[PDB]
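*Asks:* piece number one of the complex, untouched:
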Amino acid sequence: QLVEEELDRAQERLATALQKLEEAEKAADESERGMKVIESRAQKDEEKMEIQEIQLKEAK
């Protein structure tokens, strides 16, 4: 019985492992979305900051 019990127990544990992998990759997706939006925001903010600092430069 050892054969089949290892078989089905490892199979259901492999199912749990693949579900954990799907959860992990969805976490990767959401983290990547946050990363991309935040880096785009950082880009816009930085370029605007540069425009404004050089504008103060010229103005003074």
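*Replies:* Now that the structure is in, tell me what you want to look at. Numbering: from 1, shown residues only, chains lettered A, B, ... in the order given.
*Asks:* would you map the strands across chain A?
*Replies:* Counting by DSSP state E, chain A has no strands at all.
*Asks:* for it, which segments count as helices?
*Replies:* Per DSSP state H, chain A has helices spanning A:2-59. These are given in chain order.
*Asks:* and the residue nearest the centre of it, how far is that from residue A:38?
*Replies:* When CA atoms, centre = their mean is applied to chain A, the residue found nearest the centroid is residue A:31 (2.1 Å). Relative to residue A:38, residue A:31 is positioned 11 Å away (CB to CB, to the nearest Å). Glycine gets a C-beta too; all of them are placed from N, C-alpha and C.
*Asks:* any idea how many residues pack against residue A:49?
*Replies:* The number of residues packed near residue A:49 is 10, by other CB atoms under 10 Å.
*Asks:* next one: residue A:57
*Replies:* Using other CB under 10 Å, residue A:57 has 8 neighbouring residues.
*Asks:* OK, contacts around it?
*Replies:* If a contact means CB atoms under 8 Å, 6 or more residues apart in numbering, then residue A:57 has no contacts.
*Asks:* put chain B on too:
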Amino acid sequence: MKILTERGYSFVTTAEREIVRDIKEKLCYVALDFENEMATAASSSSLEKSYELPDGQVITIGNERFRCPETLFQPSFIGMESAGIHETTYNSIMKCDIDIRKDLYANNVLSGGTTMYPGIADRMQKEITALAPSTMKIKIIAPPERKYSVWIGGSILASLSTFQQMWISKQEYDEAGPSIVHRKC
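*Replies:* To build on what is shown above, here is chain B added in:
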């Protein structure tokens, strides 16, 4: 391209020349006072910006930012003997009749892409003001779209009704040869 080698970056290809052109269009500006700007860049590091080549490999440049377009005002940096653009503008003015140069002093129109550096109008006005008499009103006219001024003016011209007789028709060419162009028009 030549001044960036003293920081370690080496661009020799034509593609790399395009990369350096992009660096020039994005990071370079004209310093209102070149000497104290140089001393400031030497003292702090607040002028250093970073640029990312199209394979990663960020590069950071310091006083090159304003040493590149400074050549327009000191063409001796590239071994040329001419004078800066401010001085040739002033000379062209002082070569005109004394009655029109007061109205020329106040209508310096800037055009083309190389006049798009941040702070070029201020430096130009400072230099010409230092050269001209202390009574004239120096006005540098720098539109925000001066990179396409030639094309805009060309469309305005080609749209005028009184211009439709200034074309060089095919028949005039067939009569006169290619020399028609400068000989009459």
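*Asks:* mind redoing the neighbour count of residue A:57 now chain B's in there?
*Replies:* By the criterion of other CB atoms under 10 Å in any protein chain shown, residue A:57 has 14 neighbours.
*Asks:* how about the residues of chain B by chain A?
*Replies:* Counting by CB under 8 Å from any CB of the partner chain, chain B comes close to chain A at B:29, B:49, B:118, B:119, B:122.
*Asks:* please report the number of neighbouring residues for the first one.
*Replies:* The criterion is other CB under 10 Å. On that basis, residue B:29 has 20 neighbouring residues.
*Asks:* looks to me like it is in a strand.
*Replies:* No - counting by DSSP: H, G, I helix; E, B strand; the rest coil, residue B:29 is not part of a strand but coil.
*Asks:* how far away is it from residue A:26?
*Replies:* Shown here: residue B:29 relative to residue A:26, a distance of 46 Å by CB to CB.
*Asks:* close to chain B: what parts of chain A are there?
*Replies:* Near chain B, when you scan chain A using CB under 8 Å from any CB, you find A:50, A:54, A:57, A:58.
*Asks:* run the last query once more with 6 Å
*Replies:* Residues of chain A lying near chain B by CB under 6 Å from any CB of the partner chain: A:54, A:58.
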